[PDB]
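Worksheet: one structure, shown below.
As a basis for the values below, the full set of heavy atoms in this structure was taken, side chains included, without hydrogen atoms, waters or symmetry mates. Residue numbers run from 1 in the order of the sequence given. We count ligands from 1, going down the list as the structure has it; atoms in each ligand are counted the same way.
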Amino acid sequence: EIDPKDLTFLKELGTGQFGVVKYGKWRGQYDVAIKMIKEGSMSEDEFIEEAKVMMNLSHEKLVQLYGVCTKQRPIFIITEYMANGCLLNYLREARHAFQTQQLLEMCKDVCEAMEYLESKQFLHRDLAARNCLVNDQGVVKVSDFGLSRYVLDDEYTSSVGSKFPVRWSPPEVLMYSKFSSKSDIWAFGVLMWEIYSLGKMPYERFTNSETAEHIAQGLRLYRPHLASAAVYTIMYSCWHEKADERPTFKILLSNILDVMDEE
Ligand SMILES: CN1CCN(c2ccc(Nc3cc(-c4cccc(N5CCc6cc(C(C)(C)C#N)cc(F)c6C5=O)c4CO)cn(C)c3=O)nc2)CC1
């Protein structure tokens, strides 16, 4: 519970699922992003109840929640500030002319954060390059982890919705609503593909529907040119048709370390 007096609003960063997000200073010194929650976009009381849990989630590679402001409307969510913004856009900028090592570097960051959530048995539910951020050092961090539970948009929270993360979702999710640490693993594999394909949309030639048939038939995403055999094998391991046969984030992290050492 941060006092709003300790906040100054400086510039606009954009708009997300809960509305406008601003850059500004906390306590006149610390860079912050401040979500201004559009009224009616969130289960606000539930989020407030469960926000205490999300504040204990502290990791070098998770976008840190600093505090909330809930004695006013709209409510605020104060978070760590990421200077280079959204990973997806960052990947799509060709001037960066990334080396494959820098790409694997970005995978190791996300995996490190997910490893920690997995230990805390805390599901993201929407892991994708659009939901990851890049700070002034090129470090990638996982953002908005766990906030899917409080969305009040039926285009997002329904399987048939226009905003549902279909292309990041394993078959068991899409057909049965079977959510587990394994559906975060699946999404993580898709995110590794994103990174090595340099921001291409997964199944770029298919609709969401064609994508769901495709993966129910045991068919998967092709190797991005910039992925070696070893890197491709890692993401594909995330996509086993049996959920319980997919690796942990612990195993994936050690997998990534190996290629780093090898290639
Ligand atoms: C010209 N300018 C130059 C500068 N550019 C720039 C530079 C820096 C930044 N830095 C930052 C941008 C954002 C930011 C801004 C707008 C929207 C969102 N999103 C996207 C993901 C998301 C998912 C979900 C769900 C629920 C879907 C999940 N999971 C719910 C949500 F609320 C949101 C959300 O709010 C974010 C990220 O939270 C947050 N933080 C902390 C930054 O540091 N952003 C932009 C912008 C363009």
Side-chain angles (χ1 to χ4, degrees), residues 2 7 9-26 30-44 46-48 50-51 54-55 57-69 74-93 95-96 109-110 113-114 117 122-159 161-169 173 179 183-184 186-188 190-191 194 199:
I2 285 174
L7 307 163
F9 295 70
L10 299 169
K11 78 164 184 262
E12 191 161 307
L13 295 171
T15 295
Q17 189 60 37
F18 301 123
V20 45
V21 177
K22 295 215 186 164
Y23 163 77
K25 293 278 194 187
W26 179 34
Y30 305 106
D31 282 342
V32 295
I34 315 159
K35 299 198 202 281
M36 306 190 60
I37 310 301
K38 189 189 191 208
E39 292 89 333
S41 73
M42 179 180 265
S43 208
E44 291 171 22
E46 293 186 28
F47 163 72
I48 296 160
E50 278 138 58
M54 281 176 185
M55 276 207 39
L57 300 177
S58 180
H59 192 273
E60 299 79 31
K61 302 299 169 75
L62 281 180
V63 174
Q64 181 89 25
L65 220 170
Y66 287 157
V68 282
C69 301
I75 61 171
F76 299 157
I77 313 175
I78 320 300
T79 64
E80 184 183 350
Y81 171 64
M82 305 294 280
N84 289 300
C86 178
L87 172 61
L88 189 63
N89 286 126
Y90 198 63
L91 294 165
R92 289 170 170 187
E93 293 165 310
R95 50 190 184 86
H96 301 311
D109 293 345
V110 166
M114 287 308 302
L117 291 174
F122 190 89
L123 298 186
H124 192 303
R125 277 173 190 95
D126 206 349
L127 183 69
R130 71 181 167 275
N131 297 330
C132 289
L133 296 162
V134 185
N135 77 14
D136 67 284
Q137 300 297 287
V139 171
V140 189
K141 304 196 202 202
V142 157
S143 185
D144 313 285
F145 47 93
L147 298 177
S148 64
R149 297 174 291 160
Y150 313 118
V151 172
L152 285 191
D153 181 348
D154 285 28
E155 290 303 313
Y156 173 82
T157 55
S158 178
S159 310
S162 61
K163 310 183 187 171
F164 192 89
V166 170
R167 301 156 192 266
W168 292 262
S169 297
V173 164
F179 283 93
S183 49
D184 270 5
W186 183 289
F188 172 73
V190 183
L191 168 57
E194 283 183 279

Is ligand 1 under 4.0 Å from a heavy atom in the side chain of [X], in the backbone, in both, or in neither?
X   : answer
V21 : side chain
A83 : backbone
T15 : backbone

Looking at [atom], what's its closest protein heavy atom, distance included?
atom                    : value
atom 44 (N) of ligand 1 : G85 CA, 3.8 Å
atom 45 (C) of ligand 1 : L13 O, 3.9 Å
atom 34 (C) of ligand 1 : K35 NZ, 3.5 Å
atom 32 (F) of ligand 1 : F18 CD1, 3.2 Å
atom 26 (C) of ligand 1 : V151 CG2, 3.9 Å
atom 41 (C) of ligand 1 : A33 CB, 3.1 Å

Give the atom numbers and elements of ligand 1 that come within less than 4.0 Å of a heavy atom of [X].
X    : answer
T79  : 41 (C)
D126 : 27 (C), 29 (N)
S143 : 37 (C), 38 (O)
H124 : 29 (N)

Under 4.0 Å from [atom], do we find at least one protein heavy atom?
atom                    : result
atom 47 (C) of ligand 1 : no
atom 2 (N) of ligand 1  : no
atom 7 (C) of ligand 1  : yes
atom 29 (N) of ligand 1 : yes
atom 17 (C) of ligand 1 : yes

Practice problem: Before signing off on this row, confirm whether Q17 and ligand 1 have an N or O atom pair separated by under 3.5 Å. | Solution: no

Self-check item: Residue pair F47, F18: steps toward the ring pair (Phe, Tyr, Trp, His ring centres under 6.0 Å) verdict
Solution: CA-CA 12 Å; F47 163 72; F18 301 123; 7.9 Å; no

Is a side-chain N or O of [X] found less than 3.5 angstrom from the main chain of [Y], in a donor-acceptor match?
X    : Y    : result
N135 : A83  : no
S169 : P165 : yes
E80  : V63  : no
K141 : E60  : yes

Self-check item: Closest approach of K61 to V140 (non-hydrogen atoms, all atoms of both residues)
Solution: CD-O, 3.9 Å

Quiz item: Is the closest heavy-atom distance from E80 to ligand 1 below 4.0 Å?
Solution: yes

Quiz item: If you round to the nearest 0.5 Å, how far is CG of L191 from CH2 of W168?
Solution: 9.5 Å

Just go through [options] and tell me whose heavy atom is the nearest to [atom].
atom                    : options          : result
atom 25 (C) of ligand 1 : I78, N89, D144   : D144
atom 23 (C) of ligand 1 : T157, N131, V134 : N131
atom 9 (C) of ligand 1  : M82, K11, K22    : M82

Practice problem: Report the relative orientation of the aromatic rings in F122 and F145; use parallel for angles under 30°, tilted for 30 to 60°, perpendicular for over 60°. | Solution: perpendicular

Quiz item: Mind checking whether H96 and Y90 have parallel, tilted or perpendicular rings, split at 30° and 60°?
Solution: tilted

Practice problem: Only pairs at least two apart or in different chains count here, so list each salt bridge (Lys or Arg N to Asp or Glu O under 4.0 Å) that has a residue in residues 126-136. | Solution: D126-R130

Exercise. Could you check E46, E44, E50 and say which one makes a side-chain hydrogen bond (donor to acceptor under 3.5 Å, both in side chains) with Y150?
Key: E50

Quiz item: Does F188 have any ring pair (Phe, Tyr, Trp, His ring centres under 6.0 Å) partners at least two apart in sequence or in another chain, and if so, which?
Solution: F249

Self-check item: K38 bridged to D153 by N-O distance under 4.0 Å
Solution: no

Quiz prompt | Audit row: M42, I77, side-chain contact (heavy atoms from CB on, under 4.5 Å) steps and yes/no | solution = CA-CA 12 Å; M42 179 180 265; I77 313 175; 4.0 Å; yes

